[PDB]
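What follows is a short report on a single structure.
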Amino acid sequence: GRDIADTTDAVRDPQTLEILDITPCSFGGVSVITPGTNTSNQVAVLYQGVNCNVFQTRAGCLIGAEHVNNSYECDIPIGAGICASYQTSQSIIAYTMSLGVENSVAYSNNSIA
Amino acid sequence: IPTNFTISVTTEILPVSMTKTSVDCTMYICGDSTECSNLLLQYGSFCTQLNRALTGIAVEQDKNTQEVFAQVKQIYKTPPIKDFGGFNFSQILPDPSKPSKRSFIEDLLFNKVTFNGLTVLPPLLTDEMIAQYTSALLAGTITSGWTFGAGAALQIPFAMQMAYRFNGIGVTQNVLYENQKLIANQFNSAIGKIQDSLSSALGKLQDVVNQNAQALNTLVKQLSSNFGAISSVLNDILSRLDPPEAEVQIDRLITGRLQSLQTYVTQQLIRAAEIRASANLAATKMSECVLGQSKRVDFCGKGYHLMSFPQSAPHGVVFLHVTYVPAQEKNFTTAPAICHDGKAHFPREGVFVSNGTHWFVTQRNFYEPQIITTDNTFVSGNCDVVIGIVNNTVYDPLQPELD
Amino acid sequence: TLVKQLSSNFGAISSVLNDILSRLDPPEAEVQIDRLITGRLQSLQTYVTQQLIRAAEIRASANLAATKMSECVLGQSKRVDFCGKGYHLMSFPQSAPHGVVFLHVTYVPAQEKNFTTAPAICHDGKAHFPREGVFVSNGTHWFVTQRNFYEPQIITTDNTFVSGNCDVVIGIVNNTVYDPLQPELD
Ligand SMILES: *[C@@H]1O[C@H](CO)[C@@H](O)[C@H](O)[C@H]1NC(C)=O
Ligand SMILES: *[C@@H]1O[C@H](CO)[C@@H](O)[C@H](O)[C@H]1NC(C)=O
Ligand SMILES: *[C@@H]1O[C@H](CO)[C@@H](O)[C@H](O)[C@H]1NC(C)=O
Ligand SMILES: *[C@@H]1O[C@H](CO)[C@@H](O)[C@H](O)[C@H]1NC(C)=O
Ligand SMILES: *[C@@H]1O[C@H](CO)[C@@H](O)[C@H](O)[C@H]1NC(C)=O
Ligand SMILES: *[C@@H]1O[C@H](CO)[C@@H](O)[C@H](O)[C@H]1NC(C)=O
Ligand SMILES: *[C@@H]1O[C@H](CO)[C@@H](O)[C@H](O)[C@H]1NC(C)=O
Ligand SMILES: *[C@@H]1O[C@H](CO)[C@@H](O)[C@H](O)[C@H]1NC(C)=O
């Protein structure tokens, strides 16, 4: 078997003649998030593109931070709208990125400011 | 002098980002071979150099999208009332019905556009966040005019904002306040026509995706080349031959693959430079044309500029420039100044015209004939010096009340 | 990185020319000399290409900075967000090591107030439109103010200009227009 990329992907077993698909196994990279050696030593390690306190993200697999329902401006980016920061004793936390603060203008037919 | 006008809307597409990629040099060059990695250790630091270049490209690509859209620091909300003095913004405003907070034009645009050591990193900003930015900018433009571009937003009725906008190009407010329904109908019809036109175009956004795919495919295909060696597969070279002789083949393979990787990274960096330039231009357009009227000719669309509504597209931004264009003109006879009592009377703001039997003064862009008066004109110079002068009487408002 | 590139053997015997020259005879010397030369040449080519691209980007930034110095400093700029944030008044250049620093002096409104406005005024069956200001009402009277800074004035025939009729417009209200000629009739 082959793909458009000219690499073997499908192999038929000669012994009993069924079809087997070959997929590359567990390939990615490691990344470490730190808040600076001048303040603390705790770090959080992120494996990207790998399906695994373990929190699952759309950017991979992140270990060392816990999810929070709260929202903050981004400090240390991760990917796919996820960010981390040291400030909460103090542990690394991952929060969904938030954009600005909600505000609604009072627009009427005959009102000006 | 023009006597009628039509409103038209034209699109503009500017790419702002390209796919962020990274490559594991050891996996690409040598695969899972043990001796190949040992032999590859001779060169050194090439992998670090390549990875640094790729990472710099990726962070620049993220920063471009961060810069182009994040202009406001306050998320705005569209008011529930949909009355805008006859203007129909249903097509471009966000639709809560759809599962994703994307408007009709965004949805139509998105549909229209269509593993050996290589990885693709996801963007920092998801599509929902970009759509939220776009909706906030659209609402800020609609409700607050240009005020929210500088400081706290200030609400203002849409009709008055349009009257202000004509006042920028050099036409009085009466031309709007007396022809509001016509303008609303023309704008809605133009929006609908553009919506139909986009249904069947593009080509700038499809370029970057195709180029990236072609480059990656070419690299993967180049994986299998022999590069002057006897066999492409490393496993055959290791098993079949004597270890002393296999080193020459391994060296040929690694040299060729390294050169191909260098070519790929140079091409990517060259293209990223151009993408950065285009993103800078798009950011400038976003800042100037949208957050306020633009006096620059043709910078924000052919014809006089009124406003523009940004829209989101895959790896890019699609604009909607609104322009004013004079429709129909009539021949007229003009004079520089009128001599009344030996003194010239130069017009204050308009240009003097003649029906063929009398004389009138009117604004340049729109034919609005007005009777001559001392209020509309000032006095300077003498009758002799002027190159061309016509004889006519100047009406004075003070004389009638002398009873 | 360019300097560190020296210590790589590139597949030859050693990364130093002196050791190769003394240990081997001229007939066998070239086998390592060319191996070293190819690698060093490749390193130089990579360095020069990187420098070429970085110089191009720096030149783009320098052109942008020259444009900003020409436009913001030597005259007021009407472009939005080109010269600082907000309305722009003036800017002062300052120097820095391999860079330039600007101080845009901007203008931003602070305190806004609720108001009720009408597009035009129908005084005696003839529409009235403000020349520069906008009609604003306190709830008991009507005023005209310049759009940016609040400063009420009474409507006068020298503030508005008559045009059209009372039927065509959409937004319209009734109010008397002060006539400066009337007291002059005494
Ligand atoms: C990881 O694998 C599990 C196993 O079925 C699956 O349920 C889950 O959706 C996977 N997650 C990702 C992000 O692929
Ligand atoms: C303005 O719109 C409101 C909608 O609630 C309507 O009740 C009112 O009559 C309108 N006034 C004018 C002057 O258009
Ligand atoms: C301008 O063109 C429109 C197009 O139908 C027309 O309805 C309108 O009457 C024209 N303007 C004048 C002043 O005739
Ligand atoms: C705006 O246009 C849409 C598109 O047909 C229409 O469904 C809607 O009723 C229009 N809104 C108004 C207020 O006419
Ligand atoms: C305009 O051109 C005609 C052509 O001969 C000439 O007679 C007339 O004097 C010109 N008028 C001016 C004001 O130049
Ligand atoms: C305008 O009037 C003066 C005074 O009567 C006269 O001399 C002059 O010729 C007139 N202009 C023309 C173009 O005839
Ligand atoms: C402005 O005043 C009107 C009536 O005086 C009021 O209905 C409206 O709520 C006020 N605006 C705000 C933002 O409170
Ligand atoms: C203004 O006065 C006219 C004259 O009678 C009247 O018809 C109109 O309704 C008035 N407008 C108001 C009260 O808003």
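Computed from the coordinates by the stated procedures, all read-outs in this text should not be read as laboratory data. Cβ: placed from backbone, ideal geometry, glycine included. Neighbour counts: every protein chain shown.
Things worth noting here:
- Among the listed pairs B:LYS73/C:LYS85; B:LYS285/C:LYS68; B:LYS77/B:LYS181; B:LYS204/B:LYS295; B:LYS101/B:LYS295; B:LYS63/B:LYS302, those beyond 24 Å (Cα-Cα): B:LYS77/B:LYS181; B:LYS204/B:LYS295; B:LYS101/B:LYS295; B:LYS63/B:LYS302
- Listing A:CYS74, A:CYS25 from fewest to most neighbouring C-beta atoms within 10 Å gives A:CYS25, A:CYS74.
- Using a Förster distance of 22 Å, the FRET efficiency for A:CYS52-A:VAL32 (Cβ separation, nearest 0.05): 0.85
- Å³ per residue enclosed by the Cα convex hull of chain B: 230
- Each label was represented as a point 7 Å from its Cα along the Cα-to-Cβ direction; for C:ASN63 and B:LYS82 these points are 4.7 nm apart.
- Cβ-derived FRET efficiency at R0 60 Å, C:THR106 paired with B:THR3, nearest 0.05: 0.90
- Between B:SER189 and B:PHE346, the modelled labels are 4.2 nm apart [label points 7 Å from Cα along Cα→Cβ].
- Chain C: angle of helix C:26-68 to the longest principal axis, Cα-based, in degrees nearest 10: 10
- Here's the picture: a label point sits 7 Å out from the Cα of B:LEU241 along the beta-carbon direction, and within region C:7-34 the residues with their amide nitrogen under 18 Å of it are C:11-12.
- Using the Cβ-Cβ distance between B:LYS302 and B:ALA273 with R0 set to 30 Å, the FRET efficiency from 1/(1 + (r/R0)^6) comes to roughly 0.55.
- The magnitude of the dipole of chain B, with charges of +1 and -1 set on the Cβ of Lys/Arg and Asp/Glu and taken from the Cα centre, is near 300 debye.
- Span from the region A:1-64 Cα centroid across to the region C:12-68 one, whole angstrom: 36
- Of the residues C:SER22, C:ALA60, C:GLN76, the one whose Cα sits farthest towards the positive end of the charge dipole of chain C is C:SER22 (charges of +1 on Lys and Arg Cβ, -1 on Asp and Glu Cβ, taken about the Cα centre).
- For C:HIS98, B:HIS358, order by how many other beta-carbon atoms lie within 10 Å, fewest first: C:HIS98, B:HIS358
- Region C:72-89 versus region B:369-403: alpha-carbon centroid distance in Å: 40
- Sorted largest first, extent of chain A alpha carbons per principal axis (Å): 81, 51, 22
- Per-residue ³J(HN,Hα) for region B:152-161, Karplus 6.51 cos²θ - 1.76 cosθ + 1.60, θ = phi - 60°, Hz, x for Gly and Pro: 6, 5, 10, 5, 7, x, 5, 4, 5, 5
- Summarising the overall dimensions of chain C from its C-alpha atoms, the Rg and Dmax are 37.4, 123 angstrom.
- Under 5 Å, built H, 5+ apart or other chain: amide partners of B:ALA313: B:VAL318
- Cut-off under 5 Å, modelled amide H: who pairs with C:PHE161 long-range: C:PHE129, C:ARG131
- Listed values for region B:167-173 are Karplus-derived 3J(HN,Hα) couplings in whole Hz (6.51 cos²θ - 1.76 cosθ + 1.60, θ = phi - 60°), namely 4, x, 7, x, 9, 5, 6, and x replaces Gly and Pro.
- Among C:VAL136, C:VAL101, C:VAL168: highest mean-square fluctuation, GNM of chain C, C-alpha pairs under 10 Å: C:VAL168
- Placing dummy labels 7 Å off each Cα toward the beta-carbon, the span from C:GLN153 to B:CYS383 is 3.6 nm.
- For the protein assembly as shown, fraction of C-alpha pairs farther apart than 45 Å, in %: 43
- Net length gained if the chain between B:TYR395 and B:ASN217 were fully extended (0.36 nm per residue, minus Cα distance): 56.0 nm
- Each of B:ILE81, A:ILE63, B:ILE338 was scored by other Cβ atoms within 10 Å of its Cβ. Listed from fewest to most, they are B:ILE81, A:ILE63, B:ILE338.
- Region B:190-214 and region C:105-141: distance between their alpha carbon centers, rounded to Å: 44
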